[PDB]
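Just entry-v3.pdb here, PDB, N, CA and C atoms:
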```pdb
ATOM      1  N   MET A   1      42.056 145.792 -86.461  1.00  0.00           N
ATOM      2  CA  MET A   1      43.322 145.237 -87.008  1.00  0.00           C
ATOM      3  C   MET A   1      44.490 145.491 -86.061  1.00  0.00           C
ATOM      4  N   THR A   2      45.416 144.540 -86.001  1.00  0.00           N
ATOM      5  CA  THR A   2      46.582 144.663 -85.133  1.00  0.00           C
ATOM      6  C   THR A   2      47.845 144.184 -85.843  1.00  0.00           C
ATOM      7  N   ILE A   3      48.835 145.066 -85.935  1.00  0.00           N
ATOM      8  CA  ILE A   3      50.096 144.735 -86.588  1.00  0.00           C
ATOM      9  C   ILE A   3      51.005 145.957 -86.677  1.00  0.00           C
ATOM     10  N   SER A   4      50.401 147.126 -86.862  1.00  0.00           N
ATOM     11  CA  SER A   4      51.156 148.370 -86.965  1.00  0.00           C
ATOM     12  C   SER A   4      51.758 148.521 -88.358  1.00  0.00           C
ATOM     13  N   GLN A   5      52.817 147.762 -88.625  1.00  0.00           N
ATOM     14  CA  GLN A   5      53.485 147.807 -89.921  1.00  0.00           C
ATOM     15  C   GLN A   5      54.520 148.925 -89.967  1.00  0.00           C
ATOM     16  N   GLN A   6      54.131 150.108 -89.501  1.00  0.00           N
ATOM     17  CA  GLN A   6      55.029 151.257 -89.496  1.00  0.00           C
ATOM     18  C   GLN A   6      55.090 151.902 -88.115  1.00  0.00           C
ATOM     19  N   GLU A   7      56.002 152.856 -87.955  1.00  0.00           N
ATOM     20  CA  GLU A   7      56.168 153.555 -86.687  1.00  0.00           C
ATOM     21  C   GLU A   7      56.046 152.592 -85.510  1.00  0.00           C
ATOM     22  N   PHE A   8      56.964 151.633 -85.438  1.00  0.00           N
ATOM     23  CA  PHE A   8      56.959 150.653 -84.358  1.00  0.00           C
ATOM     24  C   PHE A   8      58.018 149.583 -84.593  1.00  0.00           C
ATOM     25  N   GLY A   9      57.838 148.801 -85.652  1.00  0.00           N
ATOM     26  CA  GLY A   9      58.790 147.754 -85.970  1.00  0.00           C
ATOM     27  C   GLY A   9      59.924 148.255 -86.842  1.00  0.00           C
ATOM     28  N   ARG A  10      60.192 149.555 -86.765  1.00  0.00           N
ATOM     29  CA  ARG A  10      61.256 150.165 -87.553  1.00  0.00           C
ATOM     30  C   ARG A  10      62.557 150.233 -86.757  1.00  0.00           C
ATOM     31  N   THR A  11      62.496 149.824 -85.494  1.00  0.00           N
ATOM     32  CA  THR A  11      63.668 149.841 -84.628  1.00  0.00           C
ATOM     33  C   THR A  11      64.892 149.288 -85.349  1.00  0.00           C
ATOM     34  N   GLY A  12      64.687 148.244 -86.146  1.00  0.00           N
ATOM     35  CA  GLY A  12      65.791 147.643 -86.873  1.00  0.00           C
ATOM     36  C   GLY A  12      65.343 146.889 -88.111  1.00  0.00           C
ATOM     37  N   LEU A  13      64.276 146.107 -87.979  1.00  0.00           N
ATOM     38  CA  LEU A  13      63.759 145.330 -89.101  1.00  0.00           C
ATOM     39  C   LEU A  13      62.282 145.001 -88.912  1.00  0.00           C
ATOM     40  N   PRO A  14      61.671 144.354 -89.916  1.00  0.00           N
ATOM     41  CA  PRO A  14      60.254 143.975 -89.874  1.00  0.00           C
ATOM     42  C   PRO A  14      59.917 143.119 -88.659  1.00  0.00           C
ATOM     43  N   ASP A  15      58.887 142.289 -88.796  1.00  0.00           N
ATOM     44  CA  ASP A  15      58.457 141.415 -87.712  1.00  0.00           C
ATOM     45  C   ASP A  15      58.849 139.966 -87.986  1.00  0.00           C
ATOM     46  N   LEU A  16      60.070 139.773 -88.473  1.00  0.00           N
ATOM     47  CA  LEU A  16      60.576 138.440 -88.777  1.00  0.00           C
ATOM     48  C   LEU A  16      60.667 137.591 -87.513  1.00  0.00           C
ATOM     49  N   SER A  17      60.493 138.227 -86.361  1.00  0.00           N
ATOM     50  CA  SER A  17      60.551 137.523 -85.088  1.00  0.00           C
ATOM     51  C   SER A  17      59.339 136.607 -84.924  1.00  0.00           C
ATOM     52  N   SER A  18      58.406 136.686 -85.872  1.00  0.00           N
ATOM     53  CA  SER A  18      57.202 135.863 -85.829  1.00  0.00           C
ATOM     54  C   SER A  18      57.021 135.085 -87.130  1.00  0.00           C
ATOM     55  N   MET A  19      57.416 135.691 -88.250  1.00  0.00           N
ATOM     56  CA  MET A  19      57.297 135.035 -89.552  1.00  0.00           C
ATOM     57  C   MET A  19      58.422 134.030 -89.738  1.00  0.00           C
ATOM     58  N   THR A  20      59.536 134.321 -89.089  1.00  0.00           N
ATOM     59  CA  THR A  20      60.728 133.473 -89.127  1.00  0.00           C
ATOM     60  C   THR A  20      60.794 132.608 -90.384  1.00  0.00           C
ATOM     61  N   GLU A  21      60.126 131.458 -90.337  1.00  0.00           N
ATOM     62  CA  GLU A  21      60.120 130.517 -91.452  1.00  0.00           C
ATOM     63  C   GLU A  21      59.601 131.160 -92.732  1.00  0.00           C
ATOM     64  N   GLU A  22      58.369 131.652 -92.689  1.00  0.00           N
ATOM     65  CA  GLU A  22      57.759 132.280 -93.859  1.00  0.00           C
ATOM     66  C   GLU A  22      58.489 133.564 -94.244  1.00  0.00           C
ATOM     67  N   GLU A  23      59.182 134.164 -93.282  1.00  0.00           N
ATOM     68  CA  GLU A  23      59.927 135.396 -93.534  1.00  0.00           C
ATOM     69  C   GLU A  23      61.297 135.083 -94.126  1.00  0.00           C
ATOM     70  N   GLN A  24      61.768 133.863 -93.898  1.00  0.00           N
ATOM     71  CA  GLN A  24      63.058 133.429 -94.419  1.00  0.00           C
ATOM     72  C   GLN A  24      62.867 132.755 -95.768  1.00  0.00           C
ATOM     73  N   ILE A  25      61.656 132.262 -95.990  1.00  0.00           N
ATOM     74  CA  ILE A  25      61.299 131.609 -97.234  1.00  0.00           C
ATOM     75  C   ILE A  25      60.818 132.656 -98.219  1.00  0.00           C
ATOM     76  N   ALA A  26      60.149 133.653 -97.665  1.00  0.00           N
ATOM     77  CA  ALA A  26      59.634 134.768 -98.427  1.00  0.00           C
ATOM     78  C   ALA A  26      60.778 135.697 -98.779  1.00  0.00           C
ATOM     79  N   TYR A  27      61.648 135.937 -97.815  1.00  0.00           N
ATOM     80  CA  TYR A  27      62.797 136.786 -98.064  1.00  0.00           C
ATOM     81  C   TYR A  27      63.827 136.007 -98.866  1.00  0.00           C
ATOM     82  N   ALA A  28      63.828 134.687 -98.682  1.00  0.00           N
ATOM     83  CA  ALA A  28      64.740 133.826 -99.413  1.00  0.00           C
ATOM     84  C   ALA A  28      64.496 133.976-100.904  1.00  0.00           C
ATOM     85  N   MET A  29      63.226 133.900-101.305  1.00  0.00           N
ATOM     86  CA  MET A  29      62.889 134.063-102.712  1.00  0.00           C
ATOM     87  C   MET A  29      63.160 135.502-103.127  1.00  0.00           C
ATOM     88  N   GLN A  30      63.045 136.418-102.164  1.00  0.00           N
ATOM     89  CA  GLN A  30      63.300 137.831-102.419  1.00  0.00           C
ATOM     90  C   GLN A  30      64.657 138.019-103.089  1.00  0.00           C
ATOM     91  N   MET A  31      65.710 137.574-102.406  1.00  0.00           N
ATOM     92  CA  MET A  31      67.066 137.691-102.930  1.00  0.00           C
ATOM     93  C   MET A  31      67.258 136.791-104.144  1.00  0.00           C
ATOM     94  N   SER A  32      66.544 135.671-104.162  1.00  0.00           N
ATOM     95  CA  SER A  32      66.637 134.725-105.269  1.00  0.00           C
ATOM     96  C   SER A  32      65.901 135.248-106.499  1.00  0.00           C
ATOM     97  N   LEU A  33      65.151 136.332-106.318  1.00  0.00           N
ATOM     98  CA  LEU A  33      64.397 136.932-107.412  1.00  0.00           C
ATOM     99  C   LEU A  33      64.594 138.444-107.440  1.00  0.00           C
ATOM    100  N   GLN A  34      65.837 138.875-107.249  1.00  0.00           N
ATOM    101  CA  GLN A  34      66.162 140.297-107.251  1.00  0.00           C
ATOM    102  C   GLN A  34      66.403 140.801-108.671  1.00  0.00           C
ATOM    103  N   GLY A  35      66.102 139.957-109.654  1.00  0.00           N
ATOM    104  CA  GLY A  35      66.294 140.337-111.041  1.00  0.00           C
ATOM    105  C   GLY A  35      65.212 139.785-111.949  1.00  0.00           C
ATOM    106  N   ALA A  36      65.366 138.530-112.356  1.00  0.00           N
ATOM    107  CA  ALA A  36      64.395 137.886-113.232  1.00  0.00           C
ATOM    108  C   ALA A  36      64.794 136.445-113.532  1.00  0.00           C
ATOM    109  N   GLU A  37      66.021 136.263-114.010  1.00  0.00           N
ATOM    110  CA  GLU A  37      66.526 134.934-114.337  1.00  0.00           C
ATOM    111  C   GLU A  37      67.822 134.645-113.588  1.00  0.00           C
ATOM    112  N   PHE A  38      67.971 135.253-112.415  1.00  0.00           N
ATOM    113  CA  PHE A  38      69.165 135.061-111.600  1.00  0.00           C
ATOM    114  C   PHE A  38      70.369 135.764-112.220  1.00  0.00           C
ATOM    115  N   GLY A  39      70.116 136.568-113.249  1.00  0.00           N
ATOM    116  CA  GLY A  39      71.188 137.286-113.911  1.00  0.00           C
ATOM    117  C   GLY A  39      72.258 136.360-114.455  1.00  0.00           C
ATOM    118  N   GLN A  40      72.553 136.494-115.744  1.00  0.00           N
ATOM    119  CA  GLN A  40      73.565 135.662-116.386  1.00  0.00           C
ATOM    120  C   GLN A  40      74.673 136.520-116.988  1.00  0.00           C
ATOM    121  N   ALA A  41      75.024 137.598-116.294  1.00  0.00           N
ATOM    122  CA  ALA A  41      76.069 138.500-116.761  1.00  0.00           C
ATOM    123  C   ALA A  41      77.412 137.783-116.853  1.00  0.00           C
ATOM    124  N   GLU A  42      77.745 137.029-115.810  1.00  0.00           N
ATOM    125  CA  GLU A  42      79.001 136.289-115.772  1.00  0.00           C
ATOM    126  C   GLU A  42      78.952 135.187-114.720  1.00  0.00           C
ATOM    127  N   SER A  43      77.848 134.447-114.695  1.00  0.00           N
ATOM    128  CA  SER A  43      77.675 133.362-113.736  1.00  0.00           C
ATOM    129  C   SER A  43      76.744 132.289-114.293  1.00  0.00           C
ATOM    130  N   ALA A  44      76.966 131.913-115.548  1.00  0.00           N
ATOM    131  CA  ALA A  44      76.148 130.898-116.198  1.00  0.00           C
ATOM    132  C   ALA A  44      76.835 129.537-116.172  1.00  0.00           C
ATOM    133  N   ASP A  45      76.711 128.837-115.050  1.00  0.00           N
ATOM    134  CA  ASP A  45      77.320 127.520-114.898  1.00  0.00           C
ATOM    135  C   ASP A  45      76.298 126.499-114.412  1.00  0.00           C
TER     136      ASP A  45
END
```

Represent the structure contained in this file as structure tokens.
Amino acid sequence: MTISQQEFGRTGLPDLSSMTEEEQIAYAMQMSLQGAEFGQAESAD
């Protein structure tokens, strides 16, 4: 296996330098799903 995962790509961030698209789509949903229903505390429009 080759990837490391730890003790290497910790310089600043993951390996988004290769996932780019999938890392921006995967991370995109990440922030878009940081709760459950996008939170409706005071932003239901």

So how far away is CA of residue 21 (chain A) from CA of residue 2 (chain A), in Å? 20.6 Å

Which of chain A fall in alpha helix (DSSP H), as a ChimeraX atom specification: /A:16-32

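Across the model, the gap from CA of residue 29 (chain A) to CA of residue 44 (chain A) is 19.2 Å.
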
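The gap separating CA of residue 31 (chain A) from atom N of residue 16 (chain A) is 16.2 Å, in Å to one decimal.
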
Please, what is the axis-aligned box for every listed atom of region 20-23 of chain A with 3 Å on each side, as centre and edge lengths in Å to one decimal, as AutoDock Vina command-line options?
```
--center_x 59.5 --center_y 133.0 --center_z -91.7 --size_x 9.5 --size_y 10.9 --size_z 11.2
```
